[PDB]
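Only one chain comes next, encoded as structure tokens, the form deposited without this ligand.
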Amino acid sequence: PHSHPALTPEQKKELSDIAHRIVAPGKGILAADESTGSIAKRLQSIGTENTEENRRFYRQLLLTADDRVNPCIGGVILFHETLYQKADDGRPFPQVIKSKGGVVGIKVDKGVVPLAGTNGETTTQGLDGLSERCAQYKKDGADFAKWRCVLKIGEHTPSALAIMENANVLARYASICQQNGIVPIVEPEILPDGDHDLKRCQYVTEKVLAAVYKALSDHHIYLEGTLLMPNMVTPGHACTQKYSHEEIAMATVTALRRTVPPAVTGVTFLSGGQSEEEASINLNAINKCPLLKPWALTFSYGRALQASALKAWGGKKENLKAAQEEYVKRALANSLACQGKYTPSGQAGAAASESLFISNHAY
């Protein structure tokens, strides 16, 4: 019942300012923080050898795209390796990002581990020495971080244990980040795997996010200096029932309104298994949803910003600009989407929508 402030007013201002820069109007996040193991599958899909130089070149391709991406990209999440790589002109990648108006982010979790006594559920590791890592990352140009927890919808999952433990470890990570001037992006990802329907995803998302914010409260987290990186509320990948984008938008915004305090500066959706176009259309629908939304609703996209660029590249240096063009097209699309101004087939305000239509009490 007694306060022992975790942060000074100055520390709070720093975190809040960073958080707001990342999700400024029209801006979102490029999630480029795939580990060597994670990106292996991406490079194999284009017959490209998973070498440090090819990883460097691919990240260079994204980070040095032309200035059209600048008002689209408020932040870039990097993997450790990339944080210490340089572009062809000798500039460290953090400097490249900053010169284009982006905030530099660093993924700091050390992956998932199995929870014994559960049906294949996990928590996430990475807290050991995290404070010192954050202090160093801060010095080396990073101002925010990312940590991924993974939950699965199944017959008996997510379990009480999995929800409580993942919420708790997210809070520890967030606490340590804020002590070191790093804005934590809290990523409690509920996988879309399975044949569950939209209502079930909405229910599980509501319960998971309630647990997350109670844990953040218990650990004295300054919400204004955080971002949330959740799944959209969608049917399961194998669900037999089909839904519209407006229904997905309504389920998502309702789940967030029921759980995320207004003090949270922004929500930066992960794209999950969604295609590039699907992720953009859904984000647009979310931003056109006629409910009050007291936080930025924008993107933290990996595959949904990268899929076409990677394919266009094909591992060939001669395809640089063609690949970059595909990335710029998705950056532009999603920048419009996070303002509710994205039209898929067109561009000239040729997308009129629905009002006075549909109950929000079915959600």
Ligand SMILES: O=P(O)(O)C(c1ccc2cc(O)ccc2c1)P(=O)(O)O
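Numbering starts at 1 and runs along the sequence shown.
- Mean CA temperature factor is higher for 237-245 when stretches 179-187 and 237-245 are set side by side in the entry.
- Legend: mean Cα B-factor per stretch from the PDB entry, 4-12 versus 354-362; the higher mean is in 354-362.
- Highest C-alpha temperature factor among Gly101, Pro261, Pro230, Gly105 per the entry: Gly101.
- Ranking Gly272, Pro114, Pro158, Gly225 by Cα temperature factor from the entry places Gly272 first.
- Among the modelled residues of the chain, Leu61 sits in the middle third by CA temperature factor in this PDB entry.
- Ranked against the other modelled residues of its chain, the C-alpha B-factor of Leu30 as given in the entry falls in the lowest third.
- Among the modelled residues of its chain, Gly129 has a C-alpha B-factor that falls in the lowest third, as given in the PDB entry.
- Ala19 sits in the lowest third of its chain by CA B factor, as recorded in the PDB entry.
- Among all modelled residues in this chain, the alpha-carbon of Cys72 has a temperature factor (C-alpha) in the middle third.
There is another form of the same protein, the form solved in complex with this ligand; it is not shown, and what comes next is about it.
- At a distance threshold of 4.5 angstroms between non-hydrogen atoms, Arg42 is in contact with this ligand in the deposited complex.
- At a distance threshold of 4.5 angstroms between non-hydrogen atoms, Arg68 is out of contact with this ligand in the deposited complex.
- Within 4.5 Å of some heavy atom of this ligand in the deposited complex lies at least one heavy atom of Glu34.
- At a distance threshold of 4.5 angstroms between non-hydrogen atoms, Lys329 is out of contact with this ligand in the deposited complex.
- This chain lacks the partner; the member of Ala307, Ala333, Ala323, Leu63 within 4.5 angstroms of this ligand in the deposited complex by a non-hydrogen atom is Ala307.
- Picking from 47-55, 290-298, 315-323, 34-42 the stretch near this ligand in the deposited complex, with a 4.5 Å limit on heavy atoms, gives 34-42.
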